[PDB]
Structures are given as structure tokens and as C-alpha cells.
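Everything on this sheet refers to the single structure shown next.
Note that we place each Cβ from the backbone using ideal geometry, even for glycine, and neighbour counts take in every protein chain shown. Every read-out reported here was derived from the displayed coordinates using simple, explicitly stated rules and does not represent laboratory data.
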Amino acid sequence: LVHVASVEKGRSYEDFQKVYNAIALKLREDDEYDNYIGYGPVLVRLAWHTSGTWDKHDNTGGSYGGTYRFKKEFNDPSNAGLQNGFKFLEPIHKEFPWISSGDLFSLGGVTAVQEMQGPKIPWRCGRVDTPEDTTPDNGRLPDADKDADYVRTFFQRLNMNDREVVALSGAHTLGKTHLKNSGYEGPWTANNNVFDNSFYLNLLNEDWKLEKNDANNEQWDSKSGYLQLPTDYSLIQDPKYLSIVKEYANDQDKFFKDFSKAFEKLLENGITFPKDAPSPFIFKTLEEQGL
Ligand code: HEM
Ligand SMILES: [K+]
């Protein structure tokens, strides 16, 4: 199918900045969540998992339909823990009922990245809710117990190349793994609610040991109290990925620019934007607005 972006009736930049602001203000207010990490990271993961179901071969899945609101996707084992992000957005959707679910899920990720001092991420509106029968089956999101070849092949389905894969993986700069959700435990960085290139710095500079966690799964651990999933660690095991990891670890600006492009692309895969559609929006942070 073809999914044409359709702007919420009569809405413009100012309307979406208000939604952005409400999300940002709630992010600031509910600071206790997850031992004070805040909802920033889970909102980014929600935006990615709701977009990552896309299949370039038949345009199924994707962020367009906002299908995560349906139980089949909502209960995907791969999405364990995202219910926290969805619950956070519920009051936002109630105040702005006119925004589509897909626009809200994706905007939530953009808002979180920017408020956490990450790069600006241009965002376009127009996603339209689709029926429950359009919900993609579980199993389209990646496994974490795999190697570089699996990662490379997996992301080709989302039309992402090596650079895009390494940049997107850098989102692990945020949050942590929760044993009860995924069978992995531990954070990737110390400042896990501040978006930066520390994921790459830690991967390259920490001393890693392949250990088994309490769920009997292998994960790389550092004495500093950080982890790297087998799929994260594969980024330094593969020579092509390694060069890019080193590049981002040594150029914060380059990582920001590349992540921004890759993240917008991820959130827009499968969507056809009319030639007369509005230009992408670049929202101001609460800080830039003095709010
Ligand atoms: C090979 C691909 C990837 C794998 C296997 C993977 C796996 C995981 C796992 C196992 C968790 C822990 C979930 C939990 O226990 O709560 C996680 C968390 C997270 N992932 Fe990834 N991920 C991948 C790619 C990405 C990408 C592309 C992004 C976004 C650009 C991303 C963003 C996040 C974020 C922000 C968290 C933290 C969530 C929180 O703290 O609540 N991941 N991922
Ligand atoms: K960080």
C-alpha cells in the first residue's frame, strides 16, 4: 500500500510546538521515573519500535498507522516495557485529541532527544491511524543476542546502511536494559538522560568481559557498571562498523548530524509526502523558549 501524509485538519507548526511543549513539560515534571532517569529514554525507544516494524519490500508496518495502540503490537515481547511510554503519552493525547497516534509516538521520540540536549530532529506531521487489521505481526524488531552479520542484514529491511546502523545504535547512550523487560540488565552510560556520544566512548575505552546475567543471557560488562549487548559489541568486532564507531567517538557534531538524519528517516520510512506538504518542522526546546 501507499501511505500519503495527511496534515491534521487546519494544523500548523504552532499547533505541534504546543504538543512538543506539553511532552517536554511532562518530561521535566515526572523526573522520578526509572530511578530518576526520566521518561526520555523510553519515549525514544517507543518512537523507534513503533517505526521499526517497517518492511521496505511491501510497506507493511512503519510509523504511519500508529498500530502500537492495538494489543497484538502492544503485547509484542520485543515491546516489553514500552507501556510506560504509552501511559506517559496518554494525558498528552487527551489534551490534544486531534493528533494521530503515529504522529504522537514519533513526536514523543523527537521531543525526548531534543530535551535531553541531543541534536535537533526535523519532524513532519501527517501520519494517519489505520485499522487494527493493519497491525504488523510480532517478530519484526531485532534480537540482541546476535552478531554483526545479523545486525547488518536486519537493518537492510529498514533501508539503513552501515553508517545509519552505527549512528542509530548510538541511541543506547540513553536509558538502560531492564532484566524483567528484555532479559538484560544495566545501563550503557552514566549520564543516561543526557544525549551524547558516550555509547561509542564506553564501547571503545572500557574493559569488557563477556558474562552471563541473572536471566542466563550473555552480555558484555565493565567494572564501571555498564553493559554492551552482543549486537552493540558487534560494532567493534566488524571492521567496517569499527571505523564508524571510532569516527563518532571522536566527533560529537558528526554523530549528532548523522543520528538526526537517520532518526528522521526511520520515523518517516513508508510515508509518501505530497509535493505540497509543509516543510519539516524543527521545534524549539523548552530552554530555547525560556519555558
Ligand atoms: C540491533 C538493534 C537493537 C537491539 C537488539 C536493541 C535492543 C535493546 C534492548 C534489549 C533494550 C533494553 C529494553 C529493556 O530491558 O527495557 C534496549 C533499550 C533501548 N533501546 Fe535499543 N536496540 C536496538 C536498536 C536501537 C535503536 C535503533 C534505537 C533508537 C534509535 C534504540 C533505542 C533504545 C533506547 C532509548 C533504549 C532504552 C529504553 C529505556 O531505558 O527504557 N535501540 N534496546
Ligand atoms: K548519555
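Taken over segment 174-186, the criterion of being touching a residue at least 60 places away in the same chain (Cβ under 8 Å) and under 28 Å from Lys254 (Cβ atoms) is satisfied by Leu174, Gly175, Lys176. Among the numbered criteria (1) near ligand 1 (Cβ under 8 Å from one of its atoms); (2) aliphatic (A, V, I, L, M); (3) free of Cβ contacts under 8 Å to residues at least 40 places away in the same chain, which one does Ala171 miss? The one condition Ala171 does not meet is (3). Please work out which residue is farthest from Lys261 (Cα to Cα), limiting yourself to segment 101-134 and to residues that are of a type in the set (S, T, N, Q) and surrounded by 22 or more Cβ atoms within 10 Å (Cβ to Cβ). Filtering segment 101-134 for residues that are of a type in the set (S, T, N, Q) and surrounded by 22 or more Cβ atoms within 10 Å (Cβ to Cβ), the one farthest from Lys261 (Cα to Cα) comes out as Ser101. Segment 1-52 holds helices (runs of 4 or more DSSP H) entirely within its bounds, and those carrying 3 or more residues that are surrounded by 22 or more Cβ atoms within 10 Å (Cβ to Cβ) and touching a residue at least 60 places away in the same chain (Cβ under 8 Å) map to 13-29, 40-51. Note on segment 95-108: residues that are closer than 20 Å to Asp31 by Cα and either touching a strand residue (DSSP E or B) at 6+ places or on another chain (Cβ under 9 Å) or not small (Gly, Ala, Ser) (or both) total 2. Of all positions in segment 196-218, at least one carries a residue that is of a type in the set (D, E, K, R), within 16 Å of ligand 2 (Cβ to nearest atom) and without any contact (Cβ under 8 Å) to a residue 40 or more places away in the chain. Scanning segment 152-195 for residues that are part of a loop (DSSP other than H, G, I, E, B), of a type in the set (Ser, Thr, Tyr) and within 16 Å of ligand 2 (Cβ to nearest atom) turns up just one, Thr189. Apart from one condition, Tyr64 fits all of (1) within 30 Å of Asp276 (Cα to Cα); (2) aromatic (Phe, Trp, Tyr); (3) within 16 Å of ligand 1 (Cβ to nearest atom); the exception is (3). On inspection, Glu185 does not qualify as in contact with a strand residue (DSSP E or B) (Cβ under 8 Å, 6 or more places away or on another chain) and surrounded by fewer than 18 Cβ atoms within 10 Å (Cβ to Cβ). Selection within segment 59-74: residues that are surrounded by fewer than 16 Cβ atoms within 10 Å (Cβ to Cβ) and in contact (Cβ under 8 Å) with a residue 12 or more places away in the chain. The member of this set that is nearest to the chain's Cα centre (by Cα) is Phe74.
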